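Asks: so I've got this experimental structure, pasted below with the sequence.
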Amino acid sequence: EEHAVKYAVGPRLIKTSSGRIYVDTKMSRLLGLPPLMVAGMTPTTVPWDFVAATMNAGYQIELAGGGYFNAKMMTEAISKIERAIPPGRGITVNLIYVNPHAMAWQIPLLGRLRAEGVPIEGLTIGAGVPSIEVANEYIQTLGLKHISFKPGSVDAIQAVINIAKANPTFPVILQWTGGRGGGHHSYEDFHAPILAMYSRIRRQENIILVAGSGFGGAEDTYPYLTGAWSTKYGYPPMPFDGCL
Amino acid sequence: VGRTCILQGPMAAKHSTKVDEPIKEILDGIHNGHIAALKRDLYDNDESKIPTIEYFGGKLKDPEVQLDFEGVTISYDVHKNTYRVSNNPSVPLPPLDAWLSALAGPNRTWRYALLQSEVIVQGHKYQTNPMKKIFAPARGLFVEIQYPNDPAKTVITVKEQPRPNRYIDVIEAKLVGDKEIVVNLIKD
Amino acid sequence: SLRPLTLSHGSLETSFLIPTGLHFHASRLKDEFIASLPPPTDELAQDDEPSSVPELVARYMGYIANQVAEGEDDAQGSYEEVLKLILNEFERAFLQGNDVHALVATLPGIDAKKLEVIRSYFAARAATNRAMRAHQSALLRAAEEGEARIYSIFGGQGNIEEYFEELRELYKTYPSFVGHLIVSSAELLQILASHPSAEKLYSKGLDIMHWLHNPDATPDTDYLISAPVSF
């Protein structure tokens, strides 16, 4: 009676005791924030004060590590953010995978600062997806709360799925941007890779799926949160956990 | 400016309609728009249908409160919960997270926050929550939670048995006033 | 008085409590069944080798059921009585109130071994005249309570060429359930195939029973997939 009958299988609102209402999604539960984030972009999110201002506004933002050429400059910026943001607020750093020289000193630096108690909670790997072994090393050694990937292709999406599958208890954020996003992008259509891979993405409970394709308002992003965006392609609704 | 290289996404440009719009205004406008739309589409614009929680965020999923542990005697009373860990070396100790979930209880409160938060904030720095270590299950450990359903009156007393048949209080945790939690580490 | 009867094959072992009066017949049946199995392998890896204790007991039960059905039982019904004991123990120890299909879903091995367990169970019930009791599955109860809304669908030929082996599997696995229906249907279809308007289509006949009993006599795929045959 209890286990034989198997049944086959969206944003909500939650009010806090303080009266504040939040859009409830996997992303917002993980971050304790609205499911809207500002993406790591060089040079725009290199300045520590812009990052601090966004965090003070009550939203998530990634510090663009691509603009830091040495450990001292990056440490100074992170220390300024730490002092300028509300106590407790965690810092997410965006790094560029295609720059192995930068990665070689940036990854140990983040680990050291986190061990020193600096509130670094998130790491975003942009411009490529590392191997499962390298990703596992970052997950296990850096003491992060979540890791994020900006995949540029269907194969890269599959790589993120494999990483998430290897770490079922660890939150993995998949930031899908497609060819419509500003800056360095892929030639891929924004909808077709997601339409093809959505079921495989949603099979990994620890994946948080975030939409990133040149958005700028509530009306253009709301169909992605509710999943209504897929119905125009003849598919059932396919909700996203947040927008970048 | 016509000489410079400015990054911009072709679709995002049409939403960039104002120079020097405050970051908060942009993001508040988007989020409040989502709240208004969801209120209309899922709650019939009735705010009373929106579920209320003490605080938002934390874990992706709340841990299920396991109440049955081999070697733990648990007794529940209107004003008092007691948990007694066996002193027998052959019995395994409860898993730490399950034990701390049982002590925290199902309701998000200061007690839940104290025992279930992975980090405590010291100034602006993150420190691994030392409460998880001091409240960790030990052989012969006895935990008493007074007023477990009234957070303003809740008191957690932890007792150890360094000598046969003699319990000593080693931890007392309680709320003082509206927001101050006092955790007394007791030397016998 | 009860005496143990140990059934063992390689790493698989189980023991039954058999009345002293039946112990001789039960020992004979067990020794003959063990002699019919292949030599045991370290990994239970052969297709005809049992991969689990429930499967070993099911195959033993099916063997006894065959002896009873072929008339090798004594004038006292000693084999049928042993079969009743083994079947009761199989239901008690392995089914625990559930259905044999639910048990075989949890057993290791290939589908042929799982079908062997199902076949042996229903053969044993048939040989002991043990009728199926009305007992609804969880799914039908959920439907009756309104928790589940069940619909049903039926297929055409599509891209399927092996439908006759599915019929053969059905006939082998549930002979006590489908035997009449398959025989009567085969007779009907032979009569229809002999009709003067239709005979010229059946150049290889429509002898379903002969094809079921003799796999080598089954016509080639091209004829089986012909609409006058496949439909």
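Replies: Okay, I see it. Numbering: from 1, shown residues only, chains lettered A, B, ... in the order given.

Asks: all strands of the chain, in order?
Replies: Looking at chain A here, since you left the chain open. Assigned by DSSP state E, chain A shows strands spanning A:12-16, A:21-24, A:37-38, A:60-64, A:91-96, A:120-126, A:146-149, A:172-176, A:207-211, A:242-243.

Asks: ah, I was thinking of chain B
Replies: Counting by DSSP E, the strands of chain B are B:52-53, B:72-77, B:80-85, B:119-122, B:125-128, B:142-146, B:155-163, B:166-176, B:180-185.

Asks: just checking, what packs against the longest helix along chain B?
Replies: The helix spanning the most residues in chain B, taking DSSP state H as the definition, is helix B:23-43. Contacts defined by 3 or more C-beta pairs under 8 Å, 6 or more residues apart in numbering or on different chains; DSSP states H and E place helix B:23-43 against strand A:12-16, strand A:21-24, helix A:48-57, helix A:222-226. Just so you know, the C-beta spots here come from the backbone N, C-alpha and C atoms, and that holds for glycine as well.

Asks: export the ones you listed as TSV, with columns for distance to residue C:57 and mean neighbour count.
Replies: Listed next are those as TSV, based on distance: least, C-beta to C-beta, whole Å; neighbours: other C-beta atoms under 10 Å in any protein chain shown:
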stretch	distance to residue C:57	mean neighbour count
strand A:12-16	52	16
strand A:21-24	53	21
helix A:48-57	66	19
helix A:222-226	55	21
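
Asks: nearest to residue B:6, of those?
Replies: helix A:48-57 (16.4 Å; C-beta to C-beta).

Asks: the closest one to strand A:91-96, inter-axis angle?
Replies: 130 degrees (axes from the mean of the first three to the mean of the last three C-alpha atoms, to 10 degrees).

Asks: contacts for helix A:48-57?
Replies: A:38, A:44-45, A:60-61, A:63, A:77-78, A:80-81, A:84-86, A:89, A:91, B:22-24, B:27-28 (C-beta atoms under 8 Å, 6 or more residues apart in numbering or on different chains).

Asks: can you get me a residue count around residue 75?
Replies: All of this is about chain A. 16 (other C-beta atoms under 10 Å in any protein chain shown).

Asks: that answer is for a different chain, and I need it for chain C
Replies: Considering only other C-beta under 10 Å, residue C:75 is surrounded by 5 other residues.

Asks: now residue C:150
Replies: Counted with other C-beta under 10 Å, residue C:150 comes out at 8.

Asks: tell me the secondary structure at the nearest residue to it once chain neighbours are set aside.
Replies: Leaving out its chain neighbours, the residue that sits closest to residue C:150 by C-beta to C-beta, 6 or more residues apart in numbering or on different chains is residue C:143, at 5.0 Å. Under DSSP: H, G, I helix; E, B strand; the rest coil, the three-state class of residue C:143 is helix.

Asks: count of neighbours near residue C:143?
Replies: Applying other C-beta under 10 Å, I find that residue C:143 has 15 neighbouring residues.

Asks: equivalent analysis for the one 5 residues further on, please.
Replies: Residues within reach of residue C:148, counting by other C-beta under 10 Å, total 14.

Asks: OK, contacts around residue A:18?
Replies: No contacts exist for residue A:18 under C-beta under 8 Å, 6+ apart.

Asks: now do the strands in chain C.
Replies: C:2-9, C:12-19.

Asks: buried ones in the last one?
Replies: Along strand C:12-19, the positions that meet the burial threshold by neighbour count (16 or more other C-beta atoms under 10 Å in any protein chain shown) are C:12, C:14, C:16, C:18.

Asks: wait, isn't the first one in contact with residue C:49?
Replies: Put plainly, it is residue C:12. No. With contact defined as C-beta atoms under 8 Å, residue C:12 does not reach residue C:49; the gap is 9.4 Å.

Asks: and the residue of chain A closest to chain C?
Replies: Closest residue of chain A to chain C, C-beta to the nearest C-beta: residue A:4 (3.8 Å).

Asks: look up the closest residue to that residue, ignoring the ones flanking it.
Replies: Nearest one to residue A:4, counting by C-beta to C-beta, 6+ apart, is residue C:138 at 3.8 Å.

Asks: any residues of chain A in contact with chain C? List them.
Replies: A:1, A:4-5 (C-beta under 8 Å from any C-beta of the partner chain).

Asks: quick revisit: if you count neighbours, what's buried in the longest helix of chain B?
Replies: B:23, B:26-28, B:30-31, B:34-35, B:37-39.

Asks: residue contacts, residue C:206?
Replies: Residue C:206 touches C:186, C:189-190, C:193, C:229, counting by C-beta under 8 Å, 6+ apart.

Asks: quick check: closest non-adjacent residue to it.
Replies: Per C-beta to C-beta, 6+ apart, closest to residue C:206 is residue C:193, 4.1 Å.

Asks: picking that back up, of the contacts of helix A:48-57, grab the buried ones for ChimeraX.
Replies: Buried residues among those (16+ other C-beta under 10 Å), as a ChimeraX selection:
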select /A:38,45,60,61,63,77,78,81,84,85,89,91 /B:23,27,28
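
Asks: any chance of the strands of chain B in a markdown table, with mean neighbour count and distance to residue A:242 too?
Replies: A markdown table is the format used below for those (neighbours: other C-beta atoms under 10 Å in any protein chain shown; distance: least, C-beta to C-beta, whole Å):
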| stretch | mean neighbour count | distance to residue A:242 |
| --- | --- | --- |
| strand B:52-53 | 12 | 19 |
| strand B:72-77 | 12 | 40 |
| strand B:80-85 | 18 | 39 |
| strand B:119-122 | 14 | 23 |
| strand B:125-128 | 15 | 23 |
| strand B:142-146 | 20 | 37 |
| strand B:155-163 | 16 | 37 |
| strand B:166-176 | 16 | 34 |
| strand B:180-185 | 12 | 32 |
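
Asks: how much space separates the residue lying closest to residue B:143 once chain neighbours are set aside from chain C?
Replies: Excluding the flanking residues, the one nearest residue B:143 by C-beta to C-beta, 6+ apart is residue B:83, at 4.4 Å. Here the criterion is C-beta to the nearest C-beta, to the nearest Å. By it, residue B:83 lies 35 Å from chain C.

Asks: correct me if wrong: residue C:186 contacts residue C:205.
Replies: No. Residue C:186 lies out of contact with residue C:205 (C-beta under 8 Å); the separation is 11.0 Å.
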